[PDB]
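Okay, final-v9.pdb now, which holds PDB, C-alpha atoms and all ligand atoms:
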```pdb
ATOM      1  CA  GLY U 534      45.202  67.092 112.827  1.00  0.00           C
ATOM      2  CA  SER U 535      42.419  69.259 111.495  1.00  0.00           C
ATOM      3  CA  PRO U 536      44.262  71.979 109.545  1.00  0.00           C
ATOM      4  CA  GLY U 537      43.675  75.107 111.612  1.00  0.00           C
ATOM      5  CA  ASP U 538      46.445  76.574 109.410  1.00  0.00           C
ATOM      6  CA  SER U 539      43.926  76.951 106.573  1.00  0.00           C
ATOM      7  CA  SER U 540      43.721  80.684 107.289  1.00  0.00           C
ATOM      8  CA  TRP U 541      47.346  81.463 108.210  1.00  0.00           C
ATOM      9  CA  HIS U 542      49.651  82.092 105.257  1.00  0.00           C
ATOM     10  CA  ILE U 543      53.369  81.681 106.049  1.00  0.00           C
ATOM     11  CA  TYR U 544      55.838  82.160 103.200  1.00  0.00           C
ATOM     12  CA  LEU U 545      59.271  83.524 102.325  1.00  0.00           C
ATOM     13  CA  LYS U 546      60.117  87.001 101.092  1.00  0.00           C
ATOM     14  CA  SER U 547      63.068  88.129  98.991  1.00  0.00           C
ATOM     15  CA  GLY U 548      65.911  89.492 101.065  1.00  0.00           C
ATOM     16  CA  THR U 549      69.271  90.977 100.123  1.00  0.00           C
ATOM     17  CA  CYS U 550      70.852  87.949  98.457  1.00  0.00           C
ATOM     18  CA  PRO U 551      71.813  88.231  94.757  1.00  0.00           C
ATOM     19  CA  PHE U 552      69.707  85.183  93.760  1.00  0.00           C
ATOM     20  CA  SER U 553      66.317  83.714  94.616  1.00  0.00           C
ATOM     21  CA  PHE U 554      65.289  80.827  96.827  1.00  0.00           C
ATOM     22  CA  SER U 555      63.010  79.013  94.392  1.00  0.00           C
ATOM     23  CA  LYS U 556      65.639  79.138  91.628  1.00  0.00           C
ATOM     24  CA  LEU U 557      68.529  77.414  93.384  1.00  0.00           C
ATOM     25  CA  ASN U 558      67.182  74.123  92.059  1.00  0.00           C
ATOM     26  CA  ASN U 559      67.981  75.305  88.546  1.00  0.00           C
ATOM     27  CA  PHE U 560      71.498  74.739  87.300  1.00  0.00           C
ATOM     28  CA  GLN U 561      73.286  77.323  89.441  1.00  0.00           C
ATOM     29  CA  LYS U 562      76.996  76.828  90.134  1.00  0.00           C
ATOM     30  CA  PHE U 563      78.830  77.746  93.356  1.00  0.00           C
ATOM     31  CA  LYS U 564      81.922  76.791  95.337  1.00  0.00           C
ATOM     32  CA  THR U 565      80.594  76.170  98.885  1.00  0.00           C
ATOM     33  CA  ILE U 566      77.415  77.199 100.693  1.00  0.00           C
ATOM     34  CA  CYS U 567      76.803  76.156 104.368  1.00  0.00           C
ATOM     35  CA  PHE U 568      73.230  77.231 105.161  1.00  0.00           C
ATOM     36  CA  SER U 569      72.333  78.159 108.761  1.00  0.00           C
ATOM     37  CA  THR U 570      69.511  79.550 110.926  1.00  0.00           C
ATOM     38  CA  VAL U 571      71.518  81.578 113.484  1.00  0.00           C
ATOM     39  CA  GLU U 572      73.480  84.767 112.984  1.00  0.00           C
ATOM     40  CA  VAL U 573      76.862  84.478 111.233  1.00  0.00           C
ATOM     41  CA  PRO U 574      78.931  87.542 110.214  1.00  0.00           C
ATOM     42  CA  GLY U 575      79.043  88.185 106.492  1.00  0.00           C
ATOM     43  CA  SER U 576      75.778  86.586 105.375  1.00  0.00           C
ATOM     44  CA  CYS U 577      72.623  87.690 103.598  1.00  0.00           C
ATOM     45  CA  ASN U 578      69.156  86.520 104.572  1.00  0.00           C
ATOM     46  CA  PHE U 579      65.661  85.577 103.480  1.00  0.00           C
ATOM     47  CA  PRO U 580      62.968  86.857 105.872  1.00  0.00           C
ATOM     48  CA  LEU U 581      59.922  84.836 106.888  1.00  0.00           C
ATOM     49  CA  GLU U 582      56.457  86.386 107.025  1.00  0.00           C
TER      50      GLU U 582
ATOM     51  CA  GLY N 534     106.256  77.019 122.082  1.00  0.00           C
ATOM     52  CA  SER N 535     106.517  74.491 119.294  1.00  0.00           C
ATOM     53  CA  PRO N 536     104.352  75.990 116.527  1.00  0.00           C
ATOM     54  CA  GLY N 537     101.380  73.638 116.352  1.00  0.00           C
ATOM     55  CA  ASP N 538      99.825  76.434 114.244  1.00  0.00           C
ATOM     56  CA  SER N 539     101.957  75.325 111.284  1.00  0.00           C
ATOM     57  CA  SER N 540      98.901  73.658 109.744  1.00  0.00           C
ATOM     58  CA  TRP N 541      96.146  76.123 110.705  1.00  0.00           C
ATOM     59  CA  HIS N 542      95.775  79.101 108.373  1.00  0.00           C
ATOM     60  CA  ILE N 543      93.940  82.081 109.910  1.00  0.00           C
ATOM     61  CA  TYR N 544      93.560  85.205 107.776  1.00  0.00           C
ATOM     62  CA  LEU N 545      91.203  88.054 106.922  1.00  0.00           C
ATOM     63  CA  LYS N 546      88.646  88.165 104.133  1.00  0.00           C
ATOM     64  CA  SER N 547      87.220  91.184 102.330  1.00  0.00           C
ATOM     65  CA  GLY N 548      83.917  92.323 103.759  1.00  0.00           C
ATOM     66  CA  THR N 549      81.533  95.100 102.768  1.00  0.00           C
ATOM     67  CA  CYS N 550      83.775  98.105 103.391  1.00  0.00           C
ATOM     68  CA  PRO N 551      84.638 100.351 100.409  1.00  0.00           C
ATOM     69  CA  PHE N 552      88.418  99.942 100.924  1.00  0.00           C
ATOM     70  CA  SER N 553      90.842  97.169 101.831  1.00  0.00           C
ATOM     71  CA  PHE N 554      92.627  96.312 105.049  1.00  0.00           C
ATOM     72  CA  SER N 555      96.149  95.948 103.681  1.00  0.00           C
ATOM     73  CA  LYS N 556      95.926  99.284 101.843  1.00  0.00           C
ATOM     74  CA  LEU N 557      95.096 101.586 104.744  1.00  0.00           C
ATOM     75  CA  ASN N 558      98.827 102.037 105.266  1.00  0.00           C
ATOM     76  CA  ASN N 559      99.004 103.778 101.903  1.00  0.00           C
ATOM     77  CA  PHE N 560      98.239 107.473 101.839  1.00  0.00           C
ATOM     78  CA  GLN N 561      94.490 107.293 102.452  1.00  0.00           C
ATOM     79  CA  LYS N 562      92.765 110.335 103.954  1.00  0.00           C
ATOM     80  CA  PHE N 563      89.817 110.284 106.380  1.00  0.00           C
ATOM     81  CA  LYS N 564      88.205 112.419 109.073  1.00  0.00           C
ATOM     82  CA  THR N 565      87.844 110.031 112.057  1.00  0.00           C
ATOM     83  CA  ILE N 566      87.853 106.244 112.377  1.00  0.00           C
ATOM     84  CA  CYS N 567      87.411 104.552 115.828  1.00  0.00           C
ATOM     85  CA  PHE N 568      88.004 100.830 115.230  1.00  0.00           C
ATOM     86  CA  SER N 569      86.225  98.291 117.469  1.00  0.00           C
ATOM     87  CA  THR N 570      85.634  94.548 117.942  1.00  0.00           C
ATOM     88  CA  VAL N 571      82.028  94.561 119.242  1.00  0.00           C
ATOM     89  CA  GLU N 572      78.838  95.416 117.408  1.00  0.00           C
ATOM     90  CA  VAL N 573      78.139  99.114 116.757  1.00  0.00           C
ATOM     91  CA  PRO N 574      75.210 100.314 114.591  1.00  0.00           C
ATOM     92  CA  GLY N 575      76.223 101.729 111.238  1.00  0.00           C
ATOM     93  CA  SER N 576      79.511  99.912 110.640  1.00  0.00           C
ATOM     94  CA  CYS N 577      80.953  97.593 108.019  1.00  0.00           C
ATOM     95  CA  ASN N 578      83.135  94.610 108.839  1.00  0.00           C
ATOM     96  CA  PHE N 579      86.024  92.377 107.856  1.00  0.00           C
ATOM     97  CA  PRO N 580      85.359  88.687 108.598  1.00  0.00           C
ATOM     98  CA  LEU N 581      87.970  86.320 110.003  1.00  0.00           C
ATOM     99  CA  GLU N 582      88.421  82.806 108.629  1.00  0.00           C
ATOM    100  CA  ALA N 583      90.069  79.584 109.835  1.00  0.00           C
ATOM    101  CA  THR N 584      90.950  76.367 108.002  1.00  0.00           C
ATOM    102  CA  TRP N 585      93.126  73.227 108.091  1.00  0.00           C
ATOM    103  CA  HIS N 586      95.283  72.874 104.933  1.00  0.00           C
ATOM    104  CA  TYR N 587      92.513  74.623 102.941  1.00  0.00           C
ATOM    105  CA  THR N 588      90.002  71.772 103.095  1.00  0.00           C
ATOM    106  CA  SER N 589      87.034  73.184 105.047  1.00  0.00           C
ATOM    107  CA  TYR N 590      86.212  76.776 105.962  1.00  0.00           C
ATOM    108  CA  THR N 591      84.682  78.448 109.007  1.00  0.00           C
ATOM    109  CA  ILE N 592      84.069  81.968 110.325  1.00  0.00           C
ATOM    110  CA  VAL N 593      85.435  82.926 113.738  1.00  0.00           C
ATOM    111  CA  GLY N 594      85.163  86.671 114.390  1.00  0.00           C
ATOM    112  CA  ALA N 595      85.165  90.102 112.778  1.00  0.00           C
ATOM    113  CA  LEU N 596      86.643  93.605 112.831  1.00  0.00           C
ATOM    114  CA  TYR N 597      84.235  96.547 112.959  1.00  0.00           C
ATOM    115  CA  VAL N 598      85.089  99.966 111.561  1.00  0.00           C
ATOM    116  CA  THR N 599      83.365 103.348 111.209  1.00  0.00           C
ATOM    117  CA  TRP N 600      84.551 106.488 109.408  1.00  0.00           C
ATOM    118  CA  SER N 601      83.587 109.844 107.874  1.00  0.00           C
ATOM    119  CA  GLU N 602      85.123 111.703 104.970  1.00  0.00           C
ATOM    120  CA  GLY N 603      87.648 114.481 105.410  1.00  0.00           C
ATOM    121  CA  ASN N 604      91.254 115.512 104.870  1.00  0.00           C
ATOM    122  CA  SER N 605      92.687 115.420 108.394  1.00  0.00           C
ATOM    123  CA  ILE N 606      93.935 111.911 109.240  1.00  0.00           C
ATOM    124  CA  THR N 607      96.339 110.111 106.899  1.00  0.00           C
ATOM    125  CA  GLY N 608      97.755 106.590 106.827  1.00  0.00           C
ATOM    126  CA  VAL N 609     101.530 106.111 106.718  1.00  0.00           C
ATOM    127  CA  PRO N 610     103.549 103.006 105.675  1.00  0.00           C
ATOM    128  CA  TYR N 611     105.986 102.977 108.579  1.00  0.00           C
ATOM    129  CA  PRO N 612     106.720 105.215 111.592  1.00  0.00           C
ATOM    130  CA  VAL N 613     109.774 107.288 110.717  1.00  0.00           C
ATOM    131  CA  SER N 614     111.008 108.830 113.970  1.00  0.00           C
ATOM    132  CA  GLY N 615     113.007 112.051 114.328  1.00  0.00           C
ATOM    133  CA  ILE N 616     111.508 114.002 111.429  1.00  0.00           C
ATOM    134  CA  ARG N 617     109.627 117.200 112.308  1.00  0.00           C
ATOM    135  CA  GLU N 618     107.662 117.358 109.026  1.00  0.00           C
ATOM    136  CA  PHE N 619     107.071 114.260 106.891  1.00  0.00           C
ATOM    137  CA  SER N 620     107.924 114.476 103.186  1.00  0.00           C
ATOM    138  CA  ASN N 621     109.918 112.562 100.596  1.00  0.00           C
ATOM    139  CA  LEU N 622     111.207 113.117  97.075  1.00  0.00           C
ATOM    140  CA  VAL N 623     113.053 110.761  94.704  1.00  0.00           C
ATOM    141  CA  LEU N 624     114.550 112.152  91.503  1.00  0.00           C
ATOM    142  CA  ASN N 625     115.752 110.995  88.090  1.00  0.00           C
ATOM    143  CA  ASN N 626     113.929 107.662  87.626  1.00  0.00           C
ATOM    144  CA  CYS N 627     110.426 106.289  87.684  1.00  0.00           C
ATOM    145  CA  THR N 628     108.420 106.662  90.900  1.00  0.00           C
ATOM    146  CA  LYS N 629     104.788 106.520  92.046  1.00  0.00           C
ATOM    147  CA  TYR N 630     104.035 110.020  93.226  1.00  0.00           C
TER     148      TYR N 630
HETATM  149  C1  LIG Z   1      38.074  72.787 117.054  1.00  0.00           C
HETATM  150  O1  LIG Z   1      37.518  71.780 117.924  1.00  0.00           O
HETATM  151  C2  LIG Z   1      37.665  70.420 117.472  1.00  0.00           C
HETATM  152  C3  LIG Z   1      36.980  69.561 118.503  1.00  0.00           C
HETATM  153  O2  LIG Z   1      36.650  70.320 119.659  1.00  0.00           O
HETATM  154  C4  LIG Z   1      39.148  70.092 117.299  1.00  0.00           C
HETATM  155  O3  LIG Z   1      39.284  68.771 116.790  1.00  0.00           O
HETATM  156  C5  LIG Z   1      40.241  68.002 117.562  1.00  0.00           C
HETATM  157  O4  LIG Z   1      40.916  68.775 118.591  1.00  0.00           O
HETATM  158  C6  LIG Z   1      41.863  68.029 119.371  1.00  0.00           C
HETATM  159  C7  LIG Z   1      42.400  68.974 120.421  1.00  0.00           C
HETATM  160  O5  LIG Z   1      42.640  70.266 119.880  1.00  0.00           O
HETATM  161  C8  LIG Z   1      42.953  67.467 118.460  1.00  0.00           C
HETATM  162  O6  LIG Z   1      43.848  66.671 119.229  1.00  0.00           O
HETATM  163  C9  LIG Z   1      42.338  66.629 117.347  1.00  0.00           C
HETATM  164  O7  LIG Z   1      43.358  66.214 116.446  1.00  0.00           O
HETATM  165  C10 LIG Z   1      41.273  67.426 116.588  1.00  0.00           C
HETATM  166  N1  LIG Z   1      40.626  66.593 115.587  1.00  0.00           N
HETATM  167  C11 LIG Z   1      41.092  66.457 114.342  1.00  0.00           C
HETATM  168  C12 LIG Z   1      40.302  65.561 113.438  1.00  0.00           C
HETATM  169  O8  LIG Z   1      42.108  67.023 113.967  1.00  0.00           O
HETATM  170  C13 LIG Z   1      39.794  71.098 116.352  1.00  0.00           C
HETATM  171  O9  LIG Z   1      41.192  70.861 116.224  1.00  0.00           O
HETATM  172  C14 LIG Z   1      39.568  72.521 116.851  1.00  0.00           C
HETATM  173  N2  LIG Z   1      40.157  73.485 115.932  1.00  0.00           N
HETATM  174  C15 LIG Z   1      41.267  74.196 116.186  1.00  0.00           C
HETATM  175  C16 LIG Z   1      41.915  73.975 117.528  1.00  0.00           C
HETATM  176  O10 LIG Z   1      41.725  74.989 115.372  1.00  0.00           O
HETATM  177  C1  LIG Z   2     103.615  67.371 121.052  1.00  0.00           C
HETATM  178  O1  LIG Z   2     104.292  66.862 122.219  1.00  0.00           O
HETATM  179  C2  LIG Z   2     105.449  67.611 122.638  1.00  0.00           C
HETATM  180  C3  LIG Z   2     106.010  66.878 123.830  1.00  0.00           C
HETATM  181  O2  LIG Z   2     105.106  65.879 124.285  1.00  0.00           O
HETATM  182  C4  LIG Z   2     105.048  69.053 122.947  1.00  0.00           C
HETATM  183  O3  LIG Z   2     106.205  69.802 123.296  1.00  0.00           O
HETATM  184  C5  LIG Z   2     106.003  70.549 124.522  1.00  0.00           C
HETATM  185  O4  LIG Z   2     104.650  70.455 125.046  1.00  0.00           O
HETATM  186  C6  LIG Z   2     104.430  71.184 126.263  1.00  0.00           C
HETATM  187  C7  LIG Z   2     103.006  70.908 126.684  1.00  0.00           C
HETATM  188  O5  LIG Z   2     102.125  70.920 125.567  1.00  0.00           O
HETATM  189  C8  LIG Z   2     104.708  72.668 126.034  1.00  0.00           C
HETATM  190  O6  LIG Z   2     104.559  73.373 127.262  1.00  0.00           O
HETATM  191  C9  LIG Z   2     106.117  72.868 125.489  1.00  0.00           C
HETATM  192  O7  LIG Z   2     106.314  74.242 125.174  1.00  0.00           O
HETATM  193  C10 LIG Z   2     106.346  72.014 124.240  1.00  0.00           C
HETATM  194  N1  LIG Z   2     107.718  72.141 123.777  1.00  0.00           N
HETATM  195  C11 LIG Z   2     108.117  73.092 122.928  1.00  0.00           C
HETATM  196  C12 LIG Z   2     109.568  73.076 122.555  1.00  0.00           C
HETATM  197  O8  LIG Z   2     107.343  73.931 122.490  1.00  0.00           O
HETATM  198  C13 LIG Z   2     104.359  69.668 121.734  1.00  0.00           C
HETATM  199  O9  LIG Z   2     103.909  70.991 122.012  1.00  0.00           O
HETATM  200  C14 LIG Z   2     103.171  68.814 121.303  1.00  0.00           C
HETATM  201  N2  LIG Z   2     102.531  69.385 120.127  1.00  0.00           N
HETATM  202  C15 LIG Z   2     101.338  70.000 120.135  1.00  0.00           C
HETATM  203  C16 LIG Z   2     100.629  70.074 121.462  1.00  0.00           C
HETATM  204  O10 LIG Z   2     100.848  70.470 119.114  1.00  0.00           O
HETATM  205  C1  LIG Z   3     116.888 104.450  90.173  1.00  0.00           C
HETATM  206  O1  LIG Z   3     116.225 104.308  91.438  1.00  0.00           O
HETATM  207  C2  LIG Z   3     116.897 103.381  92.309  1.00  0.00           C
HETATM  208  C3  LIG Z   3     116.035 103.227  93.538  1.00  0.00           C
HETATM  209  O2  LIG Z   3     115.995 101.873  93.966  1.00  0.00           O
HETATM  210  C4  LIG Z   3     118.310 103.879  92.624  1.00  0.00           C
HETATM  211  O3  LIG Z   3     118.984 102.908  93.415  1.00  0.00           O
HETATM  212  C5  LIG Z   3     119.094 104.136  91.341  1.00  0.00           C
HETATM  213  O4  LIG Z   3     120.341 104.751  91.640  1.00  0.00           O
HETATM  214  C6  LIG Z   3     118.293 105.029  90.392  1.00  0.00           C
HETATM  215  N1  LIG Z   3     119.008 105.275  89.142  1.00  0.00           N
HETATM  216  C7  LIG Z   3     119.357 104.366  88.211  1.00  0.00           C
HETATM  217  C8  LIG Z   3     120.081 104.914  87.023  1.00  0.00           C
HETATM  218  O5  LIG Z   3     119.112 103.164  88.316  1.00  0.00           O
END
```
Can you turn what I pasted into structure tokens?
Ligand SMILES: *[C@@H]1O[C@H](CO)[C@@H](O[C@@H]2O[C@H](CO)[C@@H](O)[C@H](O)[C@H]2NC(C)=O)[C@H](O)[C@H]1NC(C)=O
Ligand SMILES: *[C@@H]1O[C@H](CO)[C@@H](O[C@@H]2O[C@H](CO)[C@@H](O)[C@H](O)[C@H]2NC(C)=O)[C@H](O)[C@H]1NC(C)=O
Ligand SMILES: *[C@@H]1O[C@H](CO)[C@@H](O)[C@H](O)[C@H]1NC(C)=O
Amino acid sequence: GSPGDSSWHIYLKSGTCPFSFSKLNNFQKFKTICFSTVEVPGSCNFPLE
Amino acid sequence: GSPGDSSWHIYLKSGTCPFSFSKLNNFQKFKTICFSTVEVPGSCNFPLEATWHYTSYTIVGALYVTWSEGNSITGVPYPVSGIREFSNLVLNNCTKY
């Protein structure tokens, strides 16, 4: 309710993917994506800090 | 018995290894290999993919492989049996030596 999170700063880093997270909303073209939050072989990652 | 697998297409992809899977049988030279199917630190991988008439894709497993460089172990296309020392030579028209 009261934002005790005013001091904690949680944000994304830049991992090993050959693109950025905040620039997927620009006109980037792919073939298929399938995001996930558990480990899948053959996949890069964005850490969380 | 009856091949219900006539519609499912399971095949390998190309992972992060600096060579290909279908070209290890050519005359590639290594030092030691030790293939495995469970996770070992310091090893690249070939993913394994499944699909139904190429509509939707999924990832099933992997193949893990280590190596080191050398000139001791050599791939061979097919196991010729009976020969004491493996060599081959084709004369008089165009080959790939
Ligand atoms: C500091 O204390 C105040 C009151 O003691 C907390 O305010 C309420 O705390 C309760 C229980 O934690 C919450 O259910 C209410 O939502 C809080 N009020 C509001 C307006 O949000 C306050 O949260 C405390 N600060 C913390 C825990 O960081
Ligand atoms: C579709 O049905 C037929 C018969 O109902 C299946 O044929 C046999 O199925 C049994 C049990 O599944 C197997 O033990 C036999 O080996 C099958 N026969 C042959 C010649 O293979 C058929 O397999 C079914 N198709 C499926 C399950 O995809
Ligand atoms: C060329 O190589 C082939 C190998 O398939 C062999 O059959 C043939 O006799 C050779 N010579 C000529 C003139 O085609």
Report task. Could I get the residue neighbourhood of ligand LIG 3 (chain Z) at 9 Å, counting all atoms listed in the file, as a ChimeraX atom specification? Result -> /N:623-628
Box in all listed atoms of ligand LIG 2 (chain Z), axis-aligned, with 3 Å more on each side; write out centre and edge lengths in Å to one decimal as lines of an AutoDock Vina configuration file.
```
center_x = 105.1
center_y = 70.1
center_z = 123.2
size_x = 14.9
size_y = 14.4
size_z = 14.1
```
**Report entry** Distance of CA of residue 582 (chain U) from CA of residue 546 (chain U), expressed in Å to one decimal place
**Finding:**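 Between CA of residue 546 (chain U) and CA of residue 582 (chain U) the gap is 7.0 Å.
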Report task. Would you mind listing the residues within 8 Å of ligand LIG 1 (chain Z), counting only C-alpha atoms and all ligand atoms, as number ranges by chain? Result -> U: 534-538
Report task. Evaluate the PyMOL selection byres (((chain N and resi 594-604) around 10) and not hetatm) and record the selected residues as a ChimeraX atom specification, following the chain and residue labels used in the document. Result -> /U:573-575 /N:545-546,548,550,561-583,591-593,605-607
Query raised in the report: Which residues fall under the PyMOL selection byres (((chain N and resi 555) around 12) and not hetatm) in this file, as a PyMOL selection string?
Result: chain N and resi 544-547+552-554+556-561+579+608-610
With only C-alpha atoms and all ligand atoms counted and 9 Å as the cut-off, give the residues of chain N in contact with ligand LIG 2 (chain Z), each with its shortest interatomic distance in Å and the pair that gives it, as CSV.
```
residue,atom,partner,partner_atom,distance
N:534,CA,Z:LIG2,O8,3.3
N:535,CA,Z:LIG2,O8,3.3
N:536,CA,Z:LIG2,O8,7.0
N:537,CA,Z:LIG2,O10,4.2
N:538,CA,Z:LIG2,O10,7.8
```
With the PyMOL selection byres ((chain U) within 12 of (chain N)) as the selection, what would be picked from this file? Answer as an mmCIF file with C-alpha atoms, keeping the file's coordinate frame, please.
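The resulting file, out20.cif, is reproduced below:
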```
data_model
loop_
_atom_site.group_PDB
_atom_site.id
_atom_site.type_symbol
_atom_site.label_atom_id
_atom_site.label_comp_id
_atom_site.auth_asym_id
_atom_site.auth_seq_id
_atom_site.Cartn_x
_atom_site.Cartn_y
_atom_site.Cartn_z
ATOM 1 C CA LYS U 564 81.922 76.791 95.337
ATOM 2 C CA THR U 565 80.594 76.170 98.885
ATOM 3 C CA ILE U 566 77.415 77.199 100.693
ATOM 4 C CA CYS U 567 76.803 76.156 104.368
ATOM 5 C CA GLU U 572 73.480 84.767 112.984
ATOM 6 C CA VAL U 573 76.862 84.478 111.233
ATOM 7 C CA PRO U 574 78.931 87.542 110.214
ATOM 8 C CA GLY U 575 79.043 88.185 106.492
ATOM 9 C CA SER U 576 75.778 86.586 105.375
ATOM 10 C CA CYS U 577 72.623 87.690 103.598
#
```
